[PDB]
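Just work30.tsv here, TSV, C-alpha atoms and all ligand atoms:
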chain	number	residue	atom	x	y	z
I	5	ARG	CA	-25.91	18.20	-9.09
I	6	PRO	CA	-24.60	20.02	-6.02
I	7	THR	CA	-23.71	23.70	-5.96
I	8	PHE	CA	-19.97	23.99	-6.43
I	9	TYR	CA	-17.71	26.79	-5.19
I	10	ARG	CA	-14.24	27.87	-6.38
I	11	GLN	CA	-11.10	29.02	-4.53
I	12	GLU	CA	-7.36	29.30	-4.96
I	13	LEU	CA	-5.29	27.13	-2.69
I	14	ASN	CA	-1.50	27.56	-2.96
I	15	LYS	CA	-1.48	28.04	-6.78
I	16	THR	CA	-4.42	25.74	-7.67
I	17	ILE	CA	-8.06	26.38	-8.63
I	18	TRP	CA	-10.25	24.07	-6.41
I	19	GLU	CA	-13.87	23.64	-7.47
I	20	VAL	CA	-15.76	21.55	-4.88
I	21	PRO	CA	-19.36	20.81	-3.73
I	22	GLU	CA	-20.69	23.08	-0.96
I	23	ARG	CA	-20.73	19.96	1.18
I	24	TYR	CA	-16.96	20.41	1.75
I	25	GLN	CA	-16.05	23.44	3.87
I	26	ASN	CA	-12.89	25.02	5.37
I	27	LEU	CA	-10.42	23.56	2.87
I	28	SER	CA	-6.88	23.66	4.22
I	29	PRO	CA	-3.86	22.33	2.27
I	30	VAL	CA	-1.95	19.48	3.88
I	31	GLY	CA	0.53	18.43	1.17
I	32	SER	CA	1.15	18.05	-2.57
I	35	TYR	CA	0.35	12.87	-8.45
I	36	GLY	CA	-1.84	15.70	-7.00
I	37	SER	CA	-2.52	17.82	-3.89
I	38	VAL	CA	-4.59	17.30	-0.75
I	39	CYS	CA	-6.74	19.53	1.49
I	40	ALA	CA	-8.29	18.81	4.86
I	41	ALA	CA	-12.01	19.75	4.86
I	42	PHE	CA	-15.07	19.64	7.10
I	43	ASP	CA	-17.65	17.38	5.50
I	44	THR	CA	-20.96	19.07	6.29
I	45	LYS	CA	-22.88	15.91	5.49
I	46	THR	CA	-21.29	13.80	8.24
I	47	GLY	CA	-19.56	16.27	10.57
I	48	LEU	CA	-16.27	14.47	10.00
I	49	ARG	CA	-12.91	15.86	8.78
I	50	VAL	CA	-12.01	14.53	5.31
I	51	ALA	CA	-9.09	14.53	2.90
I	52	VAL	CA	-9.94	15.91	-0.56
I	53	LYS	CA	-7.41	15.04	-3.26
I	54	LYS	CA	-7.42	16.94	-6.54
I	55	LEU	CA	-5.66	14.84	-9.18
I	56	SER	CA	-2.95	16.64	-11.17
I	57	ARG	CA	-3.23	16.37	-15.01
I	58	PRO	CA	-5.31	13.18	-14.68
I	59	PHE	CA	-5.68	12.68	-18.47
I	60	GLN	CA	-2.59	14.23	-19.90
I	61	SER	CA	-1.19	11.01	-21.43
I	62	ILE	CA	-2.41	7.45	-22.04
I	63	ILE	CA	-0.31	6.55	-18.99
I	64	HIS	CA	-1.73	9.23	-16.69
I	65	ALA	CA	-5.17	8.38	-17.99
I	66	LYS	CA	-4.94	4.65	-17.25
I	67	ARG	CA	-3.34	5.45	-13.82
I	68	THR	CA	-6.28	7.76	-12.99
I	69	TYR	CA	-8.69	4.99	-13.93
I	70	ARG	CA	-6.68	2.40	-11.94
I	71	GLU	CA	-6.63	4.62	-8.85
I	72	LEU	CA	-10.37	5.20	-8.98
I	73	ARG	CA	-11.13	1.48	-9.61
I	74	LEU	CA	-8.93	0.45	-6.62
I	75	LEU	CA	-10.35	3.04	-4.24
I	76	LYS	CA	-13.87	2.23	-5.31
I	77	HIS	CA	-13.23	-1.41	-4.56
I	78	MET	CA	-11.76	-1.18	-1.02
I	79	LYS	CA	-14.36	-1.72	1.74
I	80	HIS	CA	-12.46	-2.76	4.85
I	81	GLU	CA	-11.67	-1.20	8.17
I	82	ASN	CA	-7.91	-1.43	7.70
I	83	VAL	CA	-7.84	-0.13	4.10
I	84	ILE	CA	-8.45	3.40	2.91
I	85	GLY	CA	-11.84	3.72	1.23
I	86	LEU	CA	-13.59	6.26	-0.95
I	87	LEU	CA	-16.14	8.56	0.74
I	88	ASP	CA	-16.78	10.48	-2.48
I	89	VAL	CA	-15.46	11.19	-5.97
I	90	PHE	CA	-16.68	14.17	-7.96
I	91	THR	CA	-15.94	16.40	-10.88
I	92	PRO	CA	-17.06	20.01	-11.52
I	93	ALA	CA	-17.88	18.88	-15.11
I	94	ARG	CA	-21.47	18.45	-16.32
I	95	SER	CA	-20.68	16.13	-19.27
I	96	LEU	CA	-18.00	13.78	-20.61
I	97	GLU	CA	-16.93	16.49	-23.12
I	98	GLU	CA	-15.81	18.97	-20.41
I	99	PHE	CA	-14.51	16.30	-17.99
I	100	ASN	CA	-10.90	17.19	-17.06
I	101	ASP	CA	-10.67	17.14	-13.25
I	102	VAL	CA	-11.18	14.43	-10.65
I	103	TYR	CA	-11.34	14.85	-6.90
I	104	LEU	CA	-11.21	11.97	-4.44
I	105	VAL	CA	-12.55	12.15	-0.86
I	106	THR	CA	-11.39	9.87	1.94
I	107	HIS	CA	-11.38	9.94	5.81
I	108	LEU	CA	-8.73	12.30	7.19
I	109	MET	CA	-6.33	10.15	9.25
I	110	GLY	CA	-4.19	11.53	12.08
I	111	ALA	CA	-0.64	10.77	10.98
I	112	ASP	CA	1.44	8.09	9.29
I	113	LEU	CA	3.41	5.26	10.90
I	114	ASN	CA	6.64	7.05	10.05
I	115	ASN	CA	5.29	10.16	11.92
I	116	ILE	CA	4.82	7.91	15.02
I	117	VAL	CA	8.29	6.23	15.26
I	120	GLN	CA	9.48	6.78	18.83
I	121	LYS	CA	9.97	3.75	21.21
I	122	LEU	CA	7.03	1.30	20.66
I	123	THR	CA	5.81	-1.24	23.23
I	124	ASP	CA	5.31	-4.89	22.21
I	125	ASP	CA	1.57	-4.53	22.83
I	126	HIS	CA	1.38	-1.58	20.36
I	127	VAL	CA	3.45	-3.59	17.85
I	128	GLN	CA	0.97	-6.52	18.11
I	129	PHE	CA	-2.02	-4.33	17.46
I	130	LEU	CA	-0.49	-2.31	14.62
I	131	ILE	CA	0.99	-5.31	12.81
I	132	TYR	CA	-2.29	-7.23	13.36
I	133	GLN	CA	-4.30	-4.54	11.56
I	134	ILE	CA	-1.77	-4.32	8.67
I	135	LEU	CA	-2.09	-8.12	8.18
I	136	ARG	CA	-5.86	-7.98	8.45
I	137	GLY	CA	-6.03	-5.33	5.65
I	138	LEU	CA	-3.47	-7.27	3.54
I	139	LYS	CA	-5.48	-10.48	3.87
I	140	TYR	CA	-8.37	-8.56	2.38
I	141	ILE	CA	-6.25	-6.87	-0.36
I	142	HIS	CA	-4.49	-10.15	-1.27
I	143	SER	CA	-7.80	-12.01	-1.43
I	144	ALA	CA	-8.71	-9.62	-4.29
I	145	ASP	CA	-5.56	-10.75	-6.20
I	146	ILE	CA	-4.00	-7.35	-5.61
I	147	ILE	CA	-0.40	-6.81	-4.58
I	148	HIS	CA	0.30	-3.51	-2.84
I	149	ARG	CA	4.05	-3.51	-3.69
I	150	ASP	CA	4.88	-0.31	-1.81
I	151	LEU	CA	4.19	-1.01	1.86
I	152	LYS	CA	6.30	1.32	4.05
I	153	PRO	CA	5.54	3.34	7.19
I	154	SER	CA	4.43	6.43	5.18
I	155	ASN	CA	1.77	4.34	3.41
I	156	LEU	CA	0.15	3.39	6.72
I	157	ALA	CA	-2.13	5.89	8.47
I	158	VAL	CA	-2.85	5.67	12.19
I	159	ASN	CA	-5.48	7.42	14.43
I	160	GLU	CA	-4.63	8.60	17.96
I	161	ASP	CA	-6.79	5.57	18.90
I	162	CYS	CA	-4.14	3.34	17.14
I	163	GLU	CA	-6.60	2.34	14.41
I	164	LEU	CA	-4.61	1.76	11.21
I	165	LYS	CA	-5.44	1.90	7.53
I	166	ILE	CA	-3.37	0.86	4.61
I	167	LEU	CA	-3.09	3.70	2.08
I	168	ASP	CA	-2.61	3.55	-1.72
I	169	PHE	CA	-0.39	6.66	-1.51
I	170	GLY	CA	0.61	8.27	1.78
I	183	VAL	CA	11.83	7.16	3.91
I	184	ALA	CA	13.18	5.08	0.94
I	185	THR	CA	10.87	2.51	-0.67
I	186	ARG	CA	13.84	0.19	-1.23
I	187	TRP	CA	14.35	-0.32	2.51
I	188	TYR	CA	11.09	-2.30	2.61
I	189	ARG	CA	11.41	-4.09	-0.78
I	190	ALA	CA	11.61	-7.85	-1.05
I	191	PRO	CA	14.96	-9.17	-2.43
I	192	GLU	CA	13.22	-10.80	-5.49
I	193	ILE	CA	12.04	-7.35	-6.69
I	194	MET	CA	15.55	-5.79	-6.53
I	195	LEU	CA	16.78	-8.90	-8.47
I	196	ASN	CA	14.16	-8.21	-11.17
I	197	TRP	CA	12.18	-11.46	-10.81
I	198	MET	CA	9.18	-11.11	-13.13
I	199	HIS	CA	6.96	-13.55	-11.27
I	200	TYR	CA	7.15	-12.20	-7.68
I	201	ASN	CA	3.89	-12.71	-5.88
I	202	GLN	CA	1.84	-11.32	-2.93
I	203	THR	CA	4.43	-12.35	-0.26
I	204	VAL	CA	6.51	-9.34	-1.39
I	205	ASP	CA	4.10	-7.42	0.87
I	206	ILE	CA	4.78	-9.80	3.79
I	207	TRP	CA	8.44	-9.08	3.40
I	208	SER	CA	7.59	-5.38	3.76
I	209	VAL	CA	5.47	-5.97	6.93
I	210	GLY	CA	8.41	-7.92	8.37
I	211	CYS	CA	10.68	-4.92	7.74
I	212	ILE	CA	8.10	-2.57	9.30
I	213	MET	CA	7.59	-4.75	12.39
I	214	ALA	CA	11.35	-5.04	12.93
I	215	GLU	CA	11.60	-1.26	12.80
I	216	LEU	CA	8.69	-0.83	15.27
I	217	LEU	CA	10.35	-3.26	17.74
I	218	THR	CA	13.93	-1.82	17.57
I	219	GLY	CA	13.35	1.78	16.47
I	220	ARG	CA	15.84	1.37	13.63
I	221	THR	CA	15.34	0.73	9.89
I	222	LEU	CA	16.09	-2.98	9.50
I	223	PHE	CA	17.79	-2.61	6.08
I	224	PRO	CA	18.85	1.03	5.23
I	225	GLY	CA	20.51	0.27	1.87
I	226	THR	CA	21.91	3.27	0.04
I	227	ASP	CA	20.85	1.62	-3.27
I	228	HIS	CA	19.64	-1.82	-4.50
I	229	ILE	CA	23.08	-3.49	-4.47
I	230	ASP	CA	23.69	-2.29	-0.92
I	231	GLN	CA	20.09	-3.25	-0.08
I	232	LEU	CA	20.57	-6.88	-1.11
I	233	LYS	CA	23.92	-7.07	0.74
I	234	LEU	CA	22.32	-5.94	4.02
I	235	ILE	CA	19.43	-8.38	3.42
I	236	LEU	CA	21.59	-11.44	2.83
I	237	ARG	CA	23.66	-10.50	5.89
I	238	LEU	CA	20.65	-11.36	8.00
I	239	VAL	CA	18.79	-14.06	6.07
I	240	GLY	CA	21.97	-15.61	4.73
I	241	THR	CA	22.78	-16.65	1.19
I	242	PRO	CA	20.37	-18.78	-0.89
I	243	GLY	CA	20.29	-22.52	-0.18
I	244	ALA	CA	20.32	-25.28	-2.83
I	245	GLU	CA	16.52	-25.45	-2.79
I	246	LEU	CA	16.14	-21.73	-3.69
I	247	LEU	CA	18.96	-21.69	-6.27
I	248	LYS	CA	17.39	-24.48	-8.33
I	249	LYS	CA	14.27	-22.31	-8.79
I	250	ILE	CA	16.08	-19.24	-10.22
I	251	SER	CA	15.55	-19.05	-14.00
I	252	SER	CA	18.22	-16.37	-14.70
I	253	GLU	CA	21.70	-17.77	-15.21
I	254	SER	CA	23.37	-14.44	-14.48
I	255	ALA	CA	21.37	-13.84	-11.32
I	256	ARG	CA	21.86	-17.40	-9.99
I	257	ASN	CA	25.62	-17.20	-10.68
I	258	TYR	CA	25.75	-13.82	-8.97
I	259	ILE	CA	23.80	-15.12	-5.98
I	260	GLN	CA	25.95	-18.29	-5.92
I	261	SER	CA	29.19	-16.35	-6.23
I	262	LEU	CA	28.64	-14.17	-3.13
I	263	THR	CA	30.36	-15.18	0.13
I	264	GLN	CA	28.15	-17.68	1.93
I	265	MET	CA	26.47	-15.99	4.84
I	266	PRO	CA	24.66	-18.39	7.16
I	267	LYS	CA	21.15	-17.28	8.17
I	268	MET	CA	21.54	-15.33	11.41
I	269	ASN	CA	19.68	-16.54	14.50
I	270	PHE	CA	17.02	-13.77	14.83
I	271	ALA	CA	17.04	-14.18	18.65
I	272	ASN	CA	20.63	-12.85	18.47
I	273	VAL	CA	19.56	-9.84	16.34
I	274	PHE	CA	16.27	-8.78	17.98
I	275	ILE	CA	17.62	-9.51	21.43
I	276	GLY	CA	14.98	-9.43	24.18
I	277	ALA	CA	11.93	-9.09	21.95
I	278	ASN	CA	8.88	-11.19	22.69
I	279	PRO	CA	9.97	-14.69	21.40
I	280	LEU	CA	6.68	-14.90	19.52
I	281	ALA	CA	7.55	-11.64	17.63
I	282	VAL	CA	11.01	-13.02	16.84
I	283	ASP	CA	9.36	-16.20	15.59
I	284	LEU	CA	6.86	-14.35	13.35
I	285	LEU	CA	9.79	-12.26	11.97
I	286	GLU	CA	11.48	-15.56	11.08
I	287	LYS	CA	8.42	-16.62	9.08
I	288	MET	CA	8.11	-13.24	7.26
I	289	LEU	CA	11.69	-12.53	6.39
I	290	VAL	CA	12.44	-15.85	4.63
I	291	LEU	CA	14.61	-15.21	1.62
I	292	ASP	CA	12.69	-17.74	-0.53
I	293	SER	CA	9.32	-16.20	-1.21
I	294	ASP	CA	7.68	-19.64	-1.78
I	295	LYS	CA	8.33	-20.36	1.95
I	296	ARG	CA	7.14	-17.01	3.40
I	297	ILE	CA	4.05	-16.96	5.57
I	298	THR	CA	0.89	-15.51	3.96
I	299	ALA	CA	-1.19	-12.74	5.52
I	300	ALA	CA	-4.02	-15.19	6.38
I	301	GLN	CA	-1.52	-17.55	8.09
I	302	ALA	CA	0.23	-14.71	9.92
I	303	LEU	CA	-3.09	-13.66	11.46
I	304	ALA	CA	-3.42	-17.07	13.12
I	305	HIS	CA	0.12	-16.85	14.55
I	306	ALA	CA	0.40	-16.99	18.36
I	307	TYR	CA	1.79	-13.46	18.55
I	308	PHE	CA	-1.72	-12.11	17.71
I	309	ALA	CA	-3.49	-14.26	20.31
I	310	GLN	CA	-5.28	-11.36	22.01
I	311	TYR	CA	-6.62	-9.88	18.71
I	312	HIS	CA	-7.04	-12.72	16.26
I	313	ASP	CA	-10.67	-13.56	15.42
I	314	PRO	CA	-11.15	-15.98	12.48
I	315	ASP	CA	-14.71	-14.71	12.08
I	316	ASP	CA	-13.80	-11.02	11.84
I	317	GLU	CA	-11.03	-11.14	9.17
I	318	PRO	CA	-13.10	-10.82	5.97
I	319	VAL	CA	-11.97	-11.30	2.36
I	320	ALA	CA	-12.70	-9.01	-0.56
I	321	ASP	CA	-15.21	-9.21	-3.39
I	322	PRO	CA	-13.47	-10.23	-6.67
I	323	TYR	CA	-11.77	-7.37	-8.43
I	324	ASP	CA	-11.69	-7.18	-12.22
I	325	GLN	CA	-8.08	-6.40	-13.14
I	326	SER	CA	-8.55	-7.25	-16.88
I	327	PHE	CA	-8.18	-3.55	-17.94
I	328	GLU	CA	-4.54	-3.91	-16.91
I	329	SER	CA	-3.84	-5.92	-20.08
I	330	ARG	CA	-5.71	-3.41	-22.32
I	331	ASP	CA	-4.23	-0.76	-24.56
I	332	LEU	CA	-6.74	2.03	-25.07
I	333	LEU	CA	-6.79	5.64	-26.29
I	334	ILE	CA	-6.61	8.55	-23.84
I	335	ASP	CA	-10.24	9.44	-24.50
I	336	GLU	CA	-11.32	5.87	-23.85
I	337	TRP	CA	-9.52	5.68	-20.44
I	338	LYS	CA	-10.99	9.17	-19.78
I	339	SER	CA	-14.47	7.89	-20.71
I	340	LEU	CA	-14.14	4.75	-18.53
I	341	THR	CA	-13.09	7.05	-15.64
I	342	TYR	CA	-16.17	9.24	-16.18
I	343	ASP	CA	-18.35	6.11	-16.08
I	344	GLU	CA	-16.80	5.17	-12.69
I	345	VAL	CA	-17.41	8.73	-11.26
I	346	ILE	CA	-21.05	8.61	-12.46
I	347	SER	CA	-21.77	5.10	-11.04
I	348	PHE	CA	-20.23	5.85	-7.62
I	349	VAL	CA	-22.56	5.01	-4.71
I	350	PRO	CA	-21.75	6.69	-1.37
I	351	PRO	CA	-20.96	4.35	1.52
I	352	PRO	CA	-23.75	4.12	4.15
I	353	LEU	CA	-23.80	6.92	6.71
I	354	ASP	CA	-22.47	5.63	10.10
I	401	LIG	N1	10.31	-19.61	-7.11
I	401	LIG	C1	11.17	-18.61	-6.90
I	401	LIG	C2	11.43	-18.16	-5.59
I	401	LIG	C3	12.34	-17.11	-5.43
I	401	LIG	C4	12.97	-16.51	-6.53
I	401	LIG	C5	13.91	-15.49	-6.37
I	401	LIG	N2	14.19	-15.01	-5.13
I	401	LIG	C6	15.21	-13.97	-4.96
I	401	LIG	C7	16.62	-14.51	-4.70
I	401	LIG	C8	15.84	-13.91	-3.54
I	401	LIG	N3	14.48	-14.97	-7.47
I	401	LIG	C9	14.22	-15.42	-8.72
I	401	LIG	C10	14.83	-14.79	-9.82
I	401	LIG	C11	14.57	-15.15	-11.16
I	401	LIG	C12	15.16	-14.43	-12.22
I	401	LIG	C13	16.03	-13.35	-11.95
I	401	LIG	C14	16.28	-13.01	-10.63
I	401	LIG	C15	15.68	-13.71	-9.58
I	401	LIG	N4	13.32	-16.41	-8.88
I	401	LIG	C16	12.72	-16.97	-7.82
I	401	LIG	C17	11.83	-18.04	-7.99
I	402	LIG	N1	27.16	-10.38	-11.95
I	402	LIG	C1	25.83	-10.20	-11.85
I	402	LIG	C2	24.97	-10.83	-12.74
I	402	LIG	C3	23.58	-10.64	-12.62
I	402	LIG	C4	23.06	-9.82	-11.62
I	402	LIG	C5	21.68	-9.61	-11.47
I	402	LIG	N2	20.80	-10.19	-12.31
I	402	LIG	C6	19.35	-9.89	-12.28
I	402	LIG	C7	18.60	-10.22	-13.58
I	402	LIG	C8	18.85	-8.76	-13.19
I	402	LIG	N3	21.25	-8.80	-10.47
I	402	LIG	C9	22.11	-8.20	-9.62
I	402	LIG	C10	21.61	-7.40	-8.56
I	402	LIG	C11	22.40	-7.21	-7.42
I	402	LIG	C12	21.92	-6.45	-6.34
I	402	LIG	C13	20.63	-5.89	-6.38
I	402	LIG	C14	19.85	-6.09	-7.51
I	402	LIG	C15	20.32	-6.86	-8.59
I	402	LIG	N4	23.45	-8.40	-9.75
I	402	LIG	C16	23.94	-9.19	-10.73
I	402	LIG	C17	25.31	-9.38	-10.85

Show me the file's structure as structure tokens.
Ligand SMILES: Nc1ccc2c(NC3CC3)nc(-c3ccccc3)nc2c1
Ligand SMILES: Nc1ccc2c(NC3CC3)nc(-c3ccccc3)nc2c1
Amino acid sequence: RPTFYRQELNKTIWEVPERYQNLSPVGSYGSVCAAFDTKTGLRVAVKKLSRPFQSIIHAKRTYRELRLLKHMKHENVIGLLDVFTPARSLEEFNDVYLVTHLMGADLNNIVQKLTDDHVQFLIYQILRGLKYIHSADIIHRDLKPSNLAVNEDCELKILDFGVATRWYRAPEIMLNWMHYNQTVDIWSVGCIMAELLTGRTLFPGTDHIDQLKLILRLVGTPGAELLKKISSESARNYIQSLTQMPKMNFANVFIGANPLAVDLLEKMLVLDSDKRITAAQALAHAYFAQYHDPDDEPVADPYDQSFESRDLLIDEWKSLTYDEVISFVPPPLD
């Protein structure tokens, strides 16, 4: 066990290993401090979870967050440098702190007027991380510029938790489809890419009804092939009742963009999610010609999501979390 030290940071009592020095609050789910990690000489983010075990729901979320972070080992996905608690046993375990690399800024923070070459590289790395995430049978579901961290070097990582979420949300989620799949995240990337190319939010809906309206304006109203797959009578009838909007020609919307970027946008922003390009397929698209390497786009180890279907007591989730803190193995130095 390391020596721990205590301090007050903007209302909170932080108790951290001596390893982490010069804590400096950066934002407040829980709050975050920048720190110097004396073990590596790198700046790190230390996140103290707020009330991690205060309900069955908080408790399972805490476990979920730790399981996910522990799993991610990819250059374009946030990973866990450390997890620790000041507690010496399960019985006094009440606090969890998570340590990750400190990233420069978020993609929202860097959006003024982006060059096509920057767009290629940034979207490439998003798709590379998503390939990896999706290969674990995980759906991010909340991809938006504030959940993407970027270095000054333009290196990007997808974050679990860092502008309205809805603006980036696939139409099938707004419509409450229970069986939406991983291409919801490709929809989101499409929305992000469009925004990077034009400097404007592609769909700034004021709410979900407005959001779908703006969406169908561009992608047009569902064809016969999509309608016959919609299990909800009310939703199909609603969809079918709207004024028929033809799909816009994207060349006439993203005027002057690289035609390859326009073409990839066409394959991402397909209304029918069964026809949307996957992350793995997007990577091989011609737009990423100067970056794509089929031998350096790895997939993830399988991830056991079976706890998701379990209903456990608070102390059991809390105990499973403690087990995960105890079994944590630091990533290799350098
Ligand atoms: N195989 C599929 C493909 C796309 C689907 C989709 N897409 C949303 C219209 C854009 N929506 C729905 C659905 C089902 C119940 C209630 C509301 C929506 N199902 C879909 C099934
Ligand atoms: N007359 C109707 C009948 C059904 C509807 C429905 N059905 C989905 C199963 C919930 N969803 C929506 C809607 C519209 C915009 C954004 C999100 C959802 N509108 C409906 C309007």

Just want the residues within 8 Å of ligand LIG 401 (chain I), written as a count of residues only, counting all atoms listed in the file.
26

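For the pair atom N1 of ligand LIG 402 (chain I) and atom CA of residue I:263, the interatomic distance is 13.4 Å.
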
Which residue of I:264, I:82, I:16, I:241 approaches residue I:53 most closely, using only C-alpha atoms:
I:16

List as a ChimeraX atom specification the protein and nucleic acid residues near stretch 117-129 of chain I, meaning an atom at most 8 Å away when all atoms listed in the file are counted, but skip any in the same chain fewer than 2 places from it.
/I:113-115,131-133,162,213,216-219,277-278,307-308,311

Writing out the chosen residues with C-alpha atoms as a compact mmCIF listing (two decimals), in the frame of the given file:
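So part_3.txt came out as:
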# COMPACT_ATOMS: atom_id res chain seq x y z
CA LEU I 113 3.41 5.26 10.90
CA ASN I 114 6.64 7.05 10.05
CA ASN I 115 5.29 10.16 11.92
CA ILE I 131 0.99 -5.31 12.81
CA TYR I 132 -2.29 -7.23 13.36
CA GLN I 133 -4.30 -4.54 11.56
CA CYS I 162 -4.14 3.34 17.14
CA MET I 213 7.59 -4.75 12.39
CA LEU I 216 8.69 -0.83 15.27
CA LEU I 217 10.35 -3.26 17.74
CA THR I 218 13.93 -1.82 17.57
CA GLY I 219 13.35 1.78 16.47
CA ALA I 277 11.93 -9.09 21.95
CA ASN I 278 8.88 -11.19 22.69
CA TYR I 307 1.79 -13.46 18.55
CA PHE I 308 -1.72 -12.11 17.71
CA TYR I 311 -6.62 -9.88 18.71

When you look at stretch 30-48 of chain I with a cut-off of 9 Å (counting all atoms listed in the file), what residues show up, excluding the ones that are within fewer than 2 positions of it in the same chain? I need them as a list in words.
residues 13, 16, 22, 23, 24, 25, 26, 27, 28, 50, 51, 52, 53, 54, 55, 56, 57, 58, 107, 108, 353 and 354 of chain I

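Across the structure, atom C16 of ligand LIG 402 (chain I) and atom CA of residue I:154 are spaced 29.6 Å apart.
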
For stretch 293-348 of chain I of the block above, can you save C-alpha atoms as a PDB file, in the first residue's frame?
ATOM      1  CA  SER I 293     -29.402   1.549 -40.247  1.00  0.00           C
ATOM      2  CA  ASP I 294     -29.195  -1.923 -41.919  1.00  0.00           C
ATOM      3  CA  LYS I 295     -27.583  -0.156 -44.941  1.00  0.00           C
ATOM      4  CA  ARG I 296     -25.101   2.076 -43.056  1.00  0.00           C
ATOM      5  CA  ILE I 297     -21.397   1.433 -43.459  1.00  0.00           C
ATOM      6  CA  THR I 298     -19.648  -0.230 -40.480  1.00  0.00           C
ATOM      7  CA  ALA I 299     -16.526   1.175 -38.820  1.00  0.00           C
ATOM      8  CA  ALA I 300     -14.345  -1.611 -40.310  1.00  0.00           C
ATOM      9  CA  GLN I 301     -15.719  -0.872 -43.815  1.00  0.00           C
ATOM     10  CA  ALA I 302     -15.364   2.898 -43.396  1.00  0.00           C
ATOM     11  CA  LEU I 303     -11.667   2.451 -42.612  1.00  0.00           C
ATOM     12  CA  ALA I 304     -11.113   0.870 -46.031  1.00  0.00           C
ATOM     13  CA  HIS I 305     -12.914   3.745 -47.787  1.00  0.00           C
ATOM     14  CA  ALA I 306     -10.853   5.712 -50.340  1.00  0.00           C
ATOM     15  CA  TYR I 307     -11.071   8.902 -48.287  1.00  0.00           C
ATOM     16  CA  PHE I 308      -8.605   7.365 -45.750  1.00  0.00           C
ATOM     17  CA  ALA I 309      -6.112   6.255 -48.414  1.00  0.00           C
ATOM     18  CA  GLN I 310      -3.116   7.972 -46.831  1.00  0.00           C
ATOM     19  CA  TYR I 311      -3.777   6.525 -43.316  1.00  0.00           C
ATOM     20  CA  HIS I 312      -5.528   3.214 -43.741  1.00  0.00           C
ATOM     21  CA  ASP I 313      -3.420   0.178 -42.778  1.00  0.00           C
ATOM     22  CA  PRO I 314      -5.336  -3.137 -42.577  1.00  0.00           C
ATOM     23  CA  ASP I 315      -2.582  -4.539 -40.370  1.00  0.00           C
ATOM     24  CA  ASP I 316      -2.657  -1.735 -37.795  1.00  0.00           C
ATOM     25  CA  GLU I 317      -6.433  -1.566 -37.036  1.00  0.00           C
ATOM     26  CA  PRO I 318      -6.717  -4.137 -34.215  1.00  0.00           C
ATOM     27  CA  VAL I 319      -9.878  -5.606 -32.661  1.00  0.00           C
ATOM     28  CA  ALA I 320     -10.605  -5.987 -28.967  1.00  0.00           C
ATOM     29  CA  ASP I 321     -10.435  -8.955 -26.622  1.00  0.00           C
ATOM     30  CA  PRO I 322     -13.971 -10.264 -25.853  1.00  0.00           C
ATOM     31  CA  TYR I 323     -15.751  -8.301 -23.170  1.00  0.00           C
ATOM     32  CA  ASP I 324     -18.069 -10.036 -20.708  1.00  0.00           C
ATOM     33  CA  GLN I 325     -21.237  -7.920 -20.629  1.00  0.00           C
ATOM     34  CA  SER I 326     -23.324 -10.612 -18.793  1.00  0.00           C
ATOM     35  CA  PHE I 327     -23.485  -8.514 -15.551  1.00  0.00           C
ATOM     36  CA  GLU I 328     -25.728  -6.156 -17.510  1.00  0.00           C
ATOM     37  CA  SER I 329     -28.601  -8.653 -17.217  1.00  0.00           C
ATOM     38  CA  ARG I 330     -28.003  -9.205 -13.451  1.00  0.00           C
ATOM     39  CA  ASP I 331     -29.952  -7.745 -10.574  1.00  0.00           C
ATOM     40  CA  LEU I 332     -27.754  -7.608  -7.482  1.00  0.00           C
ATOM     41  CA  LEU I 333     -27.708  -5.886  -4.081  1.00  0.00           C
ATOM     42  CA  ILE I 334     -25.762  -2.662  -3.541  1.00  0.00           C
ATOM     43  CA  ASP I 335     -23.184  -4.476  -1.419  1.00  0.00           C
ATOM     44  CA  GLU I 336     -22.698  -7.101  -4.105  1.00  0.00           C
ATOM     45  CA  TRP I 337     -22.057  -4.497  -6.877  1.00  0.00           C
ATOM     46  CA  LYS I 338     -19.810  -2.730  -4.321  1.00  0.00           C
ATOM     47  CA  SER I 339     -17.959  -6.008  -3.655  1.00  0.00           C
ATOM     48  CA  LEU I 340     -17.540  -6.783  -7.394  1.00  0.00           C
ATOM     49  CA  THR I 341     -16.123  -3.244  -7.816  1.00  0.00           C
ATOM     50  CA  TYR I 342     -13.633  -3.841  -4.983  1.00  0.00           C
ATOM     51  CA  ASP I 343     -12.537  -7.071  -6.687  1.00  0.00           C
ATOM     52  CA  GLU I 344     -11.870  -5.110  -9.927  1.00  0.00           C
ATOM     53  CA  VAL I 345      -9.806  -2.420  -8.044  1.00  0.00           C
ATOM     54  CA  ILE I 346      -7.757  -5.170  -6.324  1.00  0.00           C
ATOM     55  CA  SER I 347      -7.074  -7.171  -9.545  1.00  0.00           C
ATOM     56  CA  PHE I 348      -6.026  -4.094 -11.568  1.00  0.00           C
TER      57      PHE I 348
END
